[PDB]
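# Residue-level structure breakdown
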Amino acid sequence: XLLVXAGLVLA
Amino acid sequence: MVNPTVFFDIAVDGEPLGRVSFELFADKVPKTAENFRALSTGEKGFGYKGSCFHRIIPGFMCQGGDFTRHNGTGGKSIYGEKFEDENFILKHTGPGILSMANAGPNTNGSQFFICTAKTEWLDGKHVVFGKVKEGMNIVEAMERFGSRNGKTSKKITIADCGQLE
(Lines give C-alpha, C1' and ligand atoms only; values in the text may rest on other atoms or scores of the structure.)
Protein backbone atom coordinates (compact mmCIF):
# COMPACT_ATOMS: atom_id res chain seq x y z
CA UNK A 1 0.00 0.00 0.00
CA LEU A 2 1.39 3.48 0.83
CA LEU A 3 3.13 3.40 4.21
CA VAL A 4 6.20 5.15 5.59
CA UNK A 5 7.84 2.51 7.77
CA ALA A 6 11.33 1.98 9.14
CA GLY A 7 12.44 -1.63 8.54
CA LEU A 8 9.47 -3.80 7.58
CA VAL A 9 7.95 -2.02 4.59
CA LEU A 10 4.40 -3.24 3.93
CA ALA A 11 2.10 -3.07 0.92
CA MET B 1 8.95 30.17 21.64
CA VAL B 2 9.35 31.03 17.95
CA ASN B 3 9.23 28.02 15.61
CA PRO B 4 12.70 27.05 14.32
CA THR B 5 13.66 26.92 10.65
CA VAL B 6 16.04 24.39 9.14
CA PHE B 7 17.51 24.00 5.64
CA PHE B 8 18.62 21.05 3.51
CA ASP B 9 21.03 21.53 0.61
CA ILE B 10 20.09 18.74 -1.81
CA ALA B 11 22.47 17.09 -4.29
CA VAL B 12 21.75 14.70 -7.16
CA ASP B 13 24.66 12.29 -7.71
CA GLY B 14 26.94 14.84 -6.03
CA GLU B 15 25.71 17.77 -8.16
CA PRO B 16 23.94 20.62 -6.30
CA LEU B 17 20.18 20.72 -6.91
CA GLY B 18 18.86 23.33 -4.49
CA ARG B 19 17.84 24.36 -0.99
CA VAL B 20 14.79 23.18 0.95
CA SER B 21 13.78 24.96 4.16
CA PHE B 22 11.29 23.78 6.81
CA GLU B 23 9.24 25.38 9.54
CA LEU B 24 9.22 23.04 12.53
CA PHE B 25 6.04 23.19 14.59
CA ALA B 26 7.71 23.25 18.02
CA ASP B 27 4.60 25.01 19.35
CA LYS B 28 2.70 21.71 18.83
CA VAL B 29 5.39 19.03 19.08
CA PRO B 30 8.49 20.52 20.76
CA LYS B 31 10.22 17.17 21.43
CA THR B 32 9.81 15.93 17.84
CA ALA B 33 10.79 19.33 16.36
CA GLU B 34 13.87 19.60 18.57
CA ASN B 35 15.07 16.14 17.47
CA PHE B 36 14.88 17.05 13.77
CA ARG B 37 16.47 20.47 14.47
CA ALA B 38 19.45 18.99 16.36
CA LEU B 39 20.07 16.25 13.76
CA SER B 40 19.98 19.03 11.15
CA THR B 41 22.72 21.11 12.88
CA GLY B 42 24.79 18.07 13.91
CA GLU B 43 25.42 19.61 17.35
CA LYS B 44 25.16 16.22 19.08
CA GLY B 45 27.97 14.77 16.94
CA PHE B 46 25.76 12.97 14.40
CA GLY B 47 22.89 13.74 12.05
CA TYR B 48 21.51 14.31 8.57
CA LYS B 49 24.57 15.83 6.84
CA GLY B 50 25.71 13.45 4.10
CA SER B 51 22.69 11.13 4.41
CA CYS B 52 20.35 10.18 1.55
CA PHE B 53 16.69 9.81 0.64
CA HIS B 54 16.58 6.02 0.34
CA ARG B 55 12.90 5.81 -0.59
CA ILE B 56 11.05 8.18 -2.93
CA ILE B 57 7.60 7.40 -4.35
CA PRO B 58 6.24 9.88 -6.93
CA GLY B 59 2.82 11.28 -6.01
CA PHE B 60 3.33 10.20 -2.39
CA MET B 61 6.48 11.30 -0.47
CA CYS B 62 10.28 11.46 -0.09
CA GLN B 63 11.69 9.47 2.86
CA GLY B 64 15.08 10.14 4.46
CA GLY B 65 16.75 10.39 7.85
CA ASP B 66 18.52 7.04 8.00
CA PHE B 67 22.07 8.29 8.64
CA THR B 68 23.37 5.03 10.19
CA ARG B 69 22.26 2.41 7.63
CA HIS B 70 21.02 4.42 4.60
CA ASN B 71 18.23 1.95 3.76
CA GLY B 72 15.43 2.35 6.30
CA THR B 73 16.71 0.00 9.03
CA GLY B 74 18.72 2.62 10.90
CA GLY B 75 18.91 6.09 12.38
CA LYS B 76 18.64 7.22 16.00
CA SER B 77 17.13 10.12 17.93
CA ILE B 78 18.95 12.60 20.17
CA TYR B 79 16.97 10.98 23.02
CA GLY B 80 18.09 7.41 22.33
CA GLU B 81 17.28 4.60 19.89
CA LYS B 82 13.58 5.54 19.97
CA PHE B 83 11.06 7.94 21.49
CA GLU B 84 7.29 8.09 21.92
CA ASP B 85 4.66 9.58 19.62
CA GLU B 86 4.46 13.03 21.23
CA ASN B 87 0.94 13.73 19.96
CA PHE B 88 -1.20 13.67 16.80
CA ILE B 89 -2.59 17.24 16.95
CA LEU B 90 -1.41 17.99 13.41
CA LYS B 91 -2.70 16.24 10.31
CA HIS B 92 -1.28 15.37 6.87
CA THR B 93 -2.91 18.30 5.07
CA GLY B 94 -1.05 18.20 1.74
CA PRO B 95 2.24 18.65 -0.15
CA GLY B 96 5.21 19.86 1.92
CA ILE B 97 4.09 18.33 5.24
CA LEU B 98 7.02 17.01 7.25
CA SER B 99 6.24 13.89 9.28
CA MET B 100 7.97 11.11 11.22
CA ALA B 101 8.58 7.67 9.75
CA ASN B 102 8.26 4.79 12.24
CA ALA B 103 8.01 1.04 12.83
CA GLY B 104 4.77 1.11 14.82
CA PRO B 105 3.52 3.04 17.88
CA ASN B 106 6.28 4.86 19.79
CA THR B 107 9.26 3.98 17.56
CA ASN B 108 10.33 7.44 16.34
CA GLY B 109 14.04 7.67 15.56
CA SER B 110 15.43 10.02 12.94
CA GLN B 111 13.62 8.92 9.79
CA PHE B 112 11.13 11.32 8.27
CA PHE B 113 9.15 11.99 5.12
CA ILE B 114 8.18 15.03 3.07
CA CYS B 115 4.75 14.60 1.49
CA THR B 116 4.07 15.49 -2.14
CA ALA B 117 0.35 14.87 -1.66
CA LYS B 118 -2.29 14.87 1.06
CA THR B 119 -1.76 11.60 2.95
CA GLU B 120 -4.82 11.48 5.24
CA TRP B 121 -4.59 7.70 5.77
CA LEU B 122 -1.48 8.36 7.93
CA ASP B 123 -3.23 10.71 10.40
CA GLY B 124 -3.00 9.43 13.98
CA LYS B 125 -0.16 7.01 13.18
CA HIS B 126 2.60 9.42 12.13
CA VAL B 127 3.60 12.56 14.03
CA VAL B 128 3.43 15.66 11.81
CA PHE B 129 6.02 18.15 13.03
CA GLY B 130 6.85 20.53 10.19
CA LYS B 131 6.25 21.86 6.69
CA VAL B 132 8.31 22.99 3.69
CA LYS B 133 8.74 26.78 3.70
CA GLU B 134 10.96 27.38 0.66
CA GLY B 135 12.01 24.98 -2.08
CA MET B 136 8.92 22.90 -2.82
CA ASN B 137 10.11 22.95 -6.45
CA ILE B 138 13.33 21.24 -5.28
CA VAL B 139 11.25 18.54 -3.54
CA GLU B 140 9.29 18.17 -6.81
CA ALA B 141 12.59 17.71 -8.69
CA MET B 142 13.74 15.10 -6.14
CA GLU B 143 10.42 13.30 -6.60
CA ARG B 144 11.20 12.64 -10.27
CA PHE B 145 14.15 10.37 -9.34
CA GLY B 146 11.87 7.98 -7.44
CA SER B 147 9.77 5.02 -8.59
CA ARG B 148 6.67 2.99 -7.63
CA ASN B 149 8.69 0.69 -5.33
CA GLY B 150 10.67 3.59 -3.85
CA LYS B 151 14.10 2.93 -5.37
CA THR B 152 15.91 6.04 -6.64
CA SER B 153 17.49 6.29 -10.12
CA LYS B 154 20.15 8.67 -8.77
CA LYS B 155 21.66 9.29 -5.31
CA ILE B 156 19.56 12.00 -3.62
CA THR B 157 21.73 13.40 -0.85
CA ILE B 158 21.71 16.02 1.90
CA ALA B 159 24.99 17.72 0.97
CA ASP B 160 24.60 20.29 3.75
CA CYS B 161 22.04 21.14 6.44
CA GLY B 162 21.53 23.37 9.46
CA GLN B 163 19.43 26.02 11.19
CA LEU B 164 18.47 29.44 9.80
CA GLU B 165 16.75 30.69 12.99
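- With the PDB entry as reference, chain B is termed Cyclophilin A, source organism Homo sapiens.
- Its official PDB title, as written in the record, is "Crystal structure of cyclophilin A in complex with Voclosporin Z-ISA247".
- According to its UniProt record, chain B has this under Catalytic activity: "[protein]-peptidylproline (omega=180) = [protein]-peptidylproline (omega=0)".
- In UniProt, chain B has this text filed under Sequence similarities: "Belongs to the cyclophilin-type PPIase family. PPIase A subfamily."

### Some thoughts on the sheet that holds strand β4 (residues 61–64) of chain B
All names here are of chain B.
- Taken in spatial order, the 8 strands make up an open sheet running β3-β4-β6-β5-β7-β2-β1-β8, and their pairing is antiparallel. Of all the strands in the sheet, the pair left with one neighbour each is β3 (55–57) and β8 (156–163). Ignoring strand direction, the axes of neighbouring strands in this sheet form an average angle of 25°.
- For β3 and β4, the ladder comprises 3 bridges, and the chain directions are antiparallel. Across the sheet, the residue bridging to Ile57 is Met61, located in β4.
- Of the strands in this sheet, β1 (5–12), β2 (15–24), β3, β4, β6 (112–115), β7 (128–132) and β8 are in contact with helix α2 (residues 136–143), which crosses β2 at around 125°.

### A short note on the UniProt feature "domain: PPIase cyclophilin-type" in chain B
- The UniProt feature table records "domain: PPIase cyclophilin-type" at residues 7–163 of chain B.
- For the annotated span residues 7–163 of chain B, helix accounts for 13% and strand for 28% of the residues, and the straight-line distance between the end C-alpha atoms is 6 Å.

### A word on the packing of aromatic side chains
Residues and elements named next belong to chain B.
- All told, the structure shown has 14 aromatic pairs over all chains when counted by the stated rule.
- Ring centres of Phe8 and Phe36 lie 5.6 Å apart, and the angle between their planes is 40°; on these two criteria the pair is classed as tilted. In this pair, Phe8 is assigned in strand β1 and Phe36 in helix α1 (residues 30–41), connecting sequence segments 28 residues apart.
- Overall, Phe36 belongs to the buried group, its relative accessible area being 0%.
- Within the aromatic cluster, the residues linked to one another by ring pairs are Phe8, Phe22, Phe36, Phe46, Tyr48, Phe53, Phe67, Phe112 and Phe129.

### Here's the deal with the pattern of salt bridges
Residues and elements named next belong to chain B.
- One pass over the structure, following the stated rule, counts 7 salt bridges over all chains.
- Among the salt bridges present, the one from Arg37 reaches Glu34, with a minimum N-O distance of 2.8 Å. Note that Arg37 and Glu34 are positioned in helix α1 at a spacing of 3 residues, about one turn of the helix.
- We classify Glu34 as partly exposed; its relative accessible area is 27%.
- Linking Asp160 and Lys49 is a salt bridge whose minimum nitrogen-to-oxygen distance equals 3.6 Å. Here the residue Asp160 occupies a position in strand β8, and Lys49 occupies one in the loop between α1 and β3, the gap between them amounting to 111 residues.
- Owing to a relative accessible area of 57%, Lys49 belongs among the exposed residues under this scheme.
- One connected set of salt bridges, linked through shared partners, spans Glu34, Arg37, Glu43 and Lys44.

### Quick word on the nonpolar core
- Counting residues in each nonpolar core, the largest one holds 33 residues, and the members touching the most others are B:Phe8, B:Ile10, B:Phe22, B:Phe36, B:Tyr48, B:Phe53 and B:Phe112.
- Those elements that place two or more of their residues in this core are β1, β2, α1, β5 (97–100), β6, β7, α2 and β8 of chain B.
- Excluding its chain neighbours within four sequence positions, the residues that come into contact with B:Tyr48 are B:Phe8, B:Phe36, B:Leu39, B:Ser40, B:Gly65, B:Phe67, B:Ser110, B:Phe112, B:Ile158 and B:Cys161.
- One finds A:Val4, B:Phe113, B:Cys115 and B:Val128 within the second-largest nonpolar core, a separate group that totals 12 residues.

About the criteria used
- Residues numbered from 1 in each chain as written, not as in the entry; some residues may be left out.
- Chains lettered and ligands numbered in written order.
- Heavy atoms only, no water.
- Residues with missing side-chain atoms left out of burial classes, pairs and counts.
- UniProt positions renumbered as here; feature names shortened; annotations may be inferred.
- Pairing = 2+ DSSP bridges.
- Helix = DSSP H or I, 4+ residues; strand = E, 2+ residues; numbered from the N terminus.
- Axes fitted to C-alpha atoms, helices over the stretch in contact; angles between N-to-C directions.
- Contact = heavy atoms within 4.5 Å.
- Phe/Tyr/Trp six-rings, centres within 6.5 Å; stacked < 30°, edge-to-face > 60°.
- Buried < 20%, exposed > 50% of the residue type's maximum accessible area, 1.4 Å probe, protein only.
- Salt bridge = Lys/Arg side-chain N within 4 Å of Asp/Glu carboxyl O.
- Core = buried A, V, L, I, M, F, W, Y, C linked by side-chain atoms within 4.5 Å.

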